[PDB]
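Take the sequence shown: its letters are residues 41 to 50, 60 to 66, 79 to 193, 218 to 246, 259 to 269, numbered as in PDB author numbering. Even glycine gets a Cβ: it sits at the ideal position worked out from N, Cα and C.
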Amino acid sequence: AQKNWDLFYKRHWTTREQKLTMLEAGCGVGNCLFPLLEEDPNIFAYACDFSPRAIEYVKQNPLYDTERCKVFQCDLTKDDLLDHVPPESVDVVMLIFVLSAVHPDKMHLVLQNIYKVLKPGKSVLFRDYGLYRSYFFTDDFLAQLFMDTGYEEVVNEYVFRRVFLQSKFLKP
Ligand SMILES: Nc1ncnc2c1ncn2[C@@H]1O[C@H](CSCC[C@H](N)C(=O)O)[C@@H](O)[C@H]1O
């Protein structure tokens with residue numbers, strides 16, 4: 041698994066864009094996130110990625126500042142988010158083009174990990190491929230997955246823009 045994702049380092062925000082605290086799972090090289098962080102200085106981010114070759118690229122980018130963003134390697138499927146992220150401390154979690162890469166059987170080990178750090182009021186902005218080594222999701226299969234892992238859906242919607262899905266789920 042991670043082997044394939046690490047080989048690649050040798060799927061972008063699309064108008065998805079205060080004391081906001083945010084986590085970007087599968088941050089990547091943080092191409093969209095780092096610009097956002099410069100534009101607003103309030104935002105503190107915890108960026109986590111499966112591949113270490115990606116985390117070094119993230120540190121290399123000039124935009125990277127250590128006091129507006131914390132970057133750490135983590136496999137959400139097995140590694141624990143709480144060890145680097147304080148509990149119920151995040152106002153936004155963004156799963157963008159990342160749940161697809163995770164296997165369906167393990168796909169909820171992440172929604173649960175993200176769940177502990179998410180503040181009870183705050184939600185999880187989602188952006189991923191839909192249908193009607219990634220996998221694609223029908224709008225119902227996905228809403229069930231947050232429901233199975235305890236989150237409550239505010240928005241689930243396919244975008245035609259190969260398909261995309263825009264979904265917002267709120268932790269109770
Ligand atoms: N189980 C897993 N644990 C951690 N990161 C994972 C993962 N499965 C996929 N990823 C990460 O998912 C990311 C998706 S692509 C990068 C993010 C995208 N550019 C954005 O703007 O959000 C990759 O960086 C990959 O390493």
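{"Query": "Limits of the unbroken beta strand (DSSP E) element including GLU238", "Result": "237–244"}
{"Query": "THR223 beta carbon less than 9 Å from that of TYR176", "Result": "no"}
{"Query": "Terminal residues of the alpha helix (DSSP H) in which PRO113 lies", "Result": "113–121"}
{"Query": "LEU262 beta carbon less than 9 Å from that of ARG188", "Result": "yes"}
{"Query": "Straight-line Cα distance separating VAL239 from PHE231", "Result": "11 Å"}
{"Query": "Distance cut-off 8 Å: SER112 Cβ against heavy atoms of ligand 1", "Result": "yes"}
{"Query": "N- and C-terminal bounds of the alpha helix (DSSP H) containing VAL171", "Result": "168–178"}
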